[PDB]
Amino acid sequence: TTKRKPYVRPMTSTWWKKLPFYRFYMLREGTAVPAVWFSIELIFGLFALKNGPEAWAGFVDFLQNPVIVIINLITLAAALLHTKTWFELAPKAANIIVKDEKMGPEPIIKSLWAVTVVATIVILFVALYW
């Protein structure tokens, strides 16, 4: 019989608390929560919008809390962290050759942020100047 006794170290549910690189990963996926929470909020607003001004005002009242204002500010932060990390990661899915050389990610990261900026401006214009 073998004299070998392979020792398998166990992996705990707290593995990610160790290294910062893992923590930041957890944090990144964590943005998922405020994001769905915001989708839920929009659904409230959408159905308050349909139930007449009376209900709509009750929605706006909710958004005024102001504990809900904090949660929403946290939500905005989370969303930006998502945008920040999403843009760095997306370029890796493409393998593009520009003159005998594999390029990116910088050219792509720059374009996405350019588009967000323009989008943030066009939406704000459209929703407030008229």
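Position 1 is the first residue in the sequence shown; the rest follow in order.
Chemist: Looking at the deposited entry, does 79 to 87 or 45 to 53 carry the larger mean Cα B-factor?
Modeler: According to the entry, 45 to 53 carries the higher average C-alpha B-factor.
Chemist: Got a sec? Mean C-alpha B-factor, which is higher, 69 to 77 or 54 to 62?
Modeler: For C-alpha atoms only, the mean B-factor is higher in 54 to 62.
Chemist: Relative to the other modelled residues of the same chain, rank the CA B-factor of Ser111 and answer lowest, middle or highest third.
Modeler: Ranked within chain, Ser111 CA B lands in the middle tercile.
Chemist: Lowest, middle or highest third: where is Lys92 by Cα B-factor in its chain?
Modeler: Middle third - that is where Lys92 ends up once the chain's C-alpha B-factors are sorted.
Chemist: Where does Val117 sit by CA temperature factor within its chain: lowest, middle or highest third?
Modeler: Lowest third.
Chemist: Lowest, middle or highest third: where is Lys99 by C-alpha B factor in its chain?
Modeler: Highest third - that is where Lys99 ends up once the chain's C-alpha B-factors are sorted.
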